[PDB]
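Chains as they are written, first to last, in the UniProt record's numbering: chain W, 118 to 485, 566 to 727; chain C, 118 to 485, 566 to 727.
The beta carbon of each residue, even a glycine, is placed where N, CA and C say it ideally should be.
Working notes for the structure below.
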Ligand SMILES: NCC(=O)NS(=O)(=O)OC[C@@H]1O[C@@H](n2cnc3c(N)ncnc32)[C@H](O)[C@H]1O
Ligand SMILES: NCC(=O)NS(=O)(=O)OC[C@@H]1O[C@@H](n2cnc3c(N)ncnc32)[C@H](O)[C@H]1O
């Protein structure tokens, strides 16, 4: 339970992000990222690069965003990539059918005038919604009588609205195209010279961190639903017969909530298994999937998402992507209910096949006489957008002081900047102290900023906390005067302080942020301070 | 003089970049960046961030790419933003008039059958080409009889083809839009909450590093002309009466080639002045411009561009951008002649004005009773695309050995990775040595990679040089056997080596890359090696 109202308000005021083209009414599904937003957004794509590209020697490429017609036709995107949209036959108002029906039903199950017998039934209708194809969705839009949310008119019948943006490359209109709804296609259309890098042998994973455009219908989900976003995608090309990851054992003992395809059809709660077991019982196909699912958990977790508000639901036979046979999503429980933030497909040969065929250009590899194969691709797609957002809600708190102060408990690895050095006076009695501390902190690789903002120390740290700055060091007169020179070390969340030799503080703040020491350990080592 | 042929071939083979959607014939003006390309492309945007955002406490934001109709109409982009295109009345073949006429004339001046009197005249026609508006360009396209380059047919009359891509945001067609041809607009539409950050006082500069789409007509300039690219843009909001930069004196003593607007009309060569003087004589308006022009020089230079193949040409009264009153470009002499790689506008109030008006939302500041003003914006726009390319040609060399080996002399600050550790055998006699060296190099912050590729040491370093890896350390038997343990330190360009205690090498390779020591200094300190 979080305060979407109060939070959005804080986030936009400190300018983590806000509405794009504000002074024009703004466009739905489009937002701009302000300074702290950028800082935090770049800390996540950075933490990610380590956790994946670095930790897996993943090849990286940077493809185009403008894709020409054929490429997306071959991938079958021009076809199956779209959402069901309806529109009241009055004014041209559109709505994503998929969701409107869900909104209606919740309204019905919520009205006390409902028989527990129908309520239980409707749930069952929502717990399958993504499987509902053109027809079933058509009928349902009749039985339940779905009508325009506003001025309840009569919605047209569910239709298919392709989510890809449309444009024409170059003068004229001979070469039409779209804005890549995913980065993957580029990583595929480059398979040949990519295999080469890994010596033609599998497995090997390529990757991309760039934008994708998805002309959504009704962006009303805040940052969650946007028509333009940055996504990190890994394309793990493995040999079909070797769908077995060598590192699995590292993420084997993780105990994470899983919501199998069965548990969804056998209408039962998601279990909190162990990856190792989850694979034994054949819940999670192979180990390649398992490893990634494990890492994906370690990442989302490390960035800031709460272990208890995260899970992995599997897709349904027809909820499936138009390019996968099996797939698990990383869902984060938020004010918008559970929401997919990271996807883990298992698109089997379907990609390189389509392209190899359509162009008559062979896309394969070899193995030890030396047989040829079409690498199956397990693809972990990250919605850096929705991820940073989950981190927002999962770590947004309210200082328990009438005043109504709000702080973010961002892990030291994603905080706008780890420490905030703040002295009382600006005079020269302090500079020689602030200077050193800064340079010393710099030497220790600790992102920091010297505070200036007017106000009592406690009012200062108010803003520092506002944007989740991990720590803070107070430099007062006693720091300058008394000898030895000690400053105040203040933990963000607790607001508890520690007096300590301003010389050691750096190496300490470092150990704290790097997870090498606990706040408690500090209170045990150093004298407190009020 | 460079070998575009041989170079492009090398660049694409090592996969710095290549043609987008290759297995489909590919699209013109679109390319994909492979691994080394990315590594180098990220070293430049990184080196840039320091040189500017860091060194100038520049605020950073990340706006949308999809812009809605009004925004670009207000900026006057829907109007004046386009290139003159012609097309033979036979097949629908297009060409950018602006250039075709230039191609023709060069052909005429090149044919020996021309009177030195006409040749001199035609030049004068090219040395004004960007000023030629609809009419003048129309007449000229007649007099000289410009006809289709291929199958010389009859080109239509010069027309205006808007360079912005076109799409519709959301279902329907009520909300049309384009893909931002520049990042700036976003930095402007966010001025209010941006001024706020700097305490409402000027000057203060915002910035953005993202993509912009320019639906060019005839992309045939390789990477130079592309329909999609990453550009770093700084929006320096200064008070009209205070167009005087406090740091100028730092870049005052720089002596750089300038090609004033006059020198272009007074048909004379560009002078190699000094920024300080250049401002005295009122050649370069104010100092704000001067400082940036200075930095822009230091950057491009530091990244790899040759001091002698770089200059700053000013715009002409009607070559001017549709938003500037004064402007200087950073031109780099290349195989495609001089080409603008970095732009330095002086768009006076024109931006915030248009938007303030059109929306009726006031955009101003105050100064010490406390008067209000509309900040003038000096904007340094960087074409990270064309910049990295200039770096390619300006540092592409051919090993003087029949064999035909090609190396890149990339500054240690942009090289794919500074050092390349390479031992002879893979056995355990070496690992304990390779391991340490790597970790030690890591500790020193020196990007490196342990070589494996099969081949004689000299064949190995061949590939290392291919992609401009600054240095190389050879670990042989004597390194393992003999005591002390010394390895071979090899400079890329010279190929000259140095035998030295494998323990010190790290701190050394560091000092070398960080520009703290010279190769010569090393040869003087340590024993040579052949
Ligand atoms: N290349 C395979 C692929 O397309 N996978 S997927 O994108 O369909 O699935 C993964 C989801 O993509 C991201 N995503 C989707 N639509 C949005 C949105 N409108 N706003 C923000 N983030 C979004 C989600 O963050 C991530 O969970
Ligand atoms: N925001 C102000 C603005 O629009 N400035 S400007 O872009 O018109 O001028 C600066 C130039 O923009 C970049 N640029 C232009 N067109 C291309 C291209 N087709 N390929 C690659 N790079 C290009 C050039 O690298 C850079 O010199």
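Distance from residue 575(W) to residue 392(W) at the Cβ level is roughly 15 Å; contact not present, criterion being Cβ atoms closer than 8 Å.
Around the Cβ of residue 674(W), a 10 Å sphere holds fewer than 16 other Cβ atoms; the residue is exposed. The three-state secondary structure of residue 394(C), taken from DSSP, is helix. In chain order, 284 make up the part of chain C whose C-beta sits under 7 Å from the C-beta of residue 283(W). In the DSSP assignment, residue 179(W) forms a beta bridge with 150(C). With respect to chain W, the C-beta atom of residue 155(C) has a partner C-beta closer than 8 Å. Contact annotation for residue 328(C) against chain W: 182, 327 and 328 [CB-CB distance below 9 Å, chain order]. Beta-bridge annotation (DSSP): residue 461(C) is paired with 445(C) and 577(C). The continuous beta strand (DSSP E) containing residue 200(C) extends over residues 199 to 205. Cβ contact annotation for residue 585(W) (same chain, cutoff 7 Å, sequence separation greater than five): 157, 158 and 161, in chain order. Annotation for residue 438(W) indicates a beta carbon within 7 Å of some heavy atom of ligand 1. A distance criterion of 7 Å places the beta-carbon of residue 301(W) in contact range of ligand 1, judged by its closest non-hydrogen atom. If you draw a straight line from the Cα of residue 368(C) to the Cα of residue 461(C), it comes to about 16 Å.
Residue range 276 to 279 is occupied by the beta strand (DSSP E) that includes residue 279(W). Of the candidates 605(W), 220(W), 411(W) and 192(W), the residue whose Cα lies closest to the Cα of residue 659(W) is 605(W). DSSP places residue 323(W) in the strand class (E or B) of the three-state scheme. Distance from the CA atom of residue 239(W) to the CA atom of residue 292(C), rounded to whole angstroms, is 36 Å.
By the 16-neighbour rule on beta-carbons within 10 angstroms, residue 131(C) is buried. Under the three-state reduction of DSSP output, residue 303(C) falls in the helix class.
Residue 313(W) has its alpha-carbon roughly 23 Å from the corresponding atom of residue 615(C). Ligand 2 has a heavy atom closer than 7 Å to the beta-carbon of residue 580(C). At a C-beta separation below 9 Å, residue 628(W) has no neighbours in chain C, since its nearest C-beta there lies roughly 18 Å away.
Contact between residue 322(C) and residue 353(C) holds, since their C-beta atoms are separated by about 4 Å, short of 8 Å. When DSSP reads this structure, residue 684(W) sits in a beta bridge with 697(W). Taken in chain order, the unbroken stretches of alpha helix (DSSP H) that lie wholly in the stretch 356 to 413 of chain C and span 4 residues or more are 378 to 382 and 392 to 397. Residues of the same chain with a CB within less than 8 Å of the CB of residue 274(W), apart from the 5 flanking positions on each side, are 203, 255 and 258 in chain order. Put simply, the backbone Cα of residue 246(C) is about 36 Å away from that of residue 141(C).
Contact of residue 202(W) with chain C by beta-carbon distance below 7 Å involves 288. Taking 8 Å as the CB threshold, residue 141(C) lines the interface with chain W. Using beta-carbon distances, residue 708(C) does not count as an interface residue toward chain W, since no partner is under 8 Å. Take the alpha-carbon of residue 229(W) and the one of residue 223(W): they are about 12 Å apart. For residue 168(W), the three-state secondary structure derived from DSSP is helix. Within the stretch 574 to 632 of chain C, the complete beta strand (DSSP E) segments at least 3 residues long are 577 to 579, 593 to 595, 603 to 605 and 616 to 620, listed from N- to C-terminus. Under the DSSP assignment, residue 188(C) falls in the alpha helix (DSSP H) whose first and last residues are 186 to 191.
Secondary structure of residue 640(C) (DSSP, three-state): helix. For residue 462(W), the Cβ falls inside the 7 Å cut-off from some heavy atom of ligand 1.
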